[PDB]
């Protein structure tokens, strides 16, 4: 048997899918040595992070690297990854507690563009598995990078709220991803859960997702969130772009909508006015 999410994104497994695409991850520190992502992820020299909150914070590599290592595995992991042939490059914009800044994220987005101009490769996919409040400067930087030909994927947010009050989820030129579970229903995370509304493009598996664990070099752990759903879409977009490299951003967004499962989400989970505004789409790969 295989992980529920990999079964769900399969139309009713590619070993080197997404090989022509380079994915940039703007997240926490990564366990580059982990057998699941070893050789697939290139750790850039970039780091722009705020200080950890607390009296005396203990910087434990296993905990610092948790969020990022799992996301890198969902995208291109040896055993449980969506695009097993994709190249990844990671930038550290989130500290050991998962916190970053708008300014750090902008300096990171700028570093990606400067890296592309100095040494161009194939199409780039930028994964932003992070969220803050609505930001005019973060939406503007995201729009600029998308207009320069780069594909951007973000988590909708885990606040059970309208994703238009969150950034970069509100940036229209970005593919914003909400999360669904094994029953194709919106993910509930504690008292909160996936974001929704007109700023979300589509949904993807974001509950009990098997991915690389930084507790040991071969460990696996299940994680939940809209970042995990966003990682599925960055992998799917890399396979679609790898198979059809001349695709423009708009053409890519139509492929994602066309191959998605339709009307499998019960709209009754979202508030009454958000049901017509929320797209009822669950991401899937083409045959």
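Residue numbers count along the first chain shown, from 1.
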Is it the case that, in at least a third of the other entries compared (those modelling both flanking residues), residue 240 has no coordinates?
no
Quick one: across the other PDB entries of this protein we compared, is residue 253 left without coordinates in at least a third of them?
no
Can you let me know which of the two, 184-192 or 71-79, has the higher average C-alpha B-factor in the entry?
184-192
Between 230-238 and 244-252, which has the larger average Cα B-factor in the PDB entry?
244-252
For the listed residues 26, 49, 221, 257, which one has the largest C-alpha B-factor as given in the deposited model?
257
Record-listed C-alpha B factor of residue 9: chain third
highest
For residue 173, does the deposited CA B-factor place it in the lowest, middle or highest third of the chain?
highest
Ordered by C-alpha B-factor within the chain, which third holds residue 21? Give me lowest, middle or highest, please.
lowest
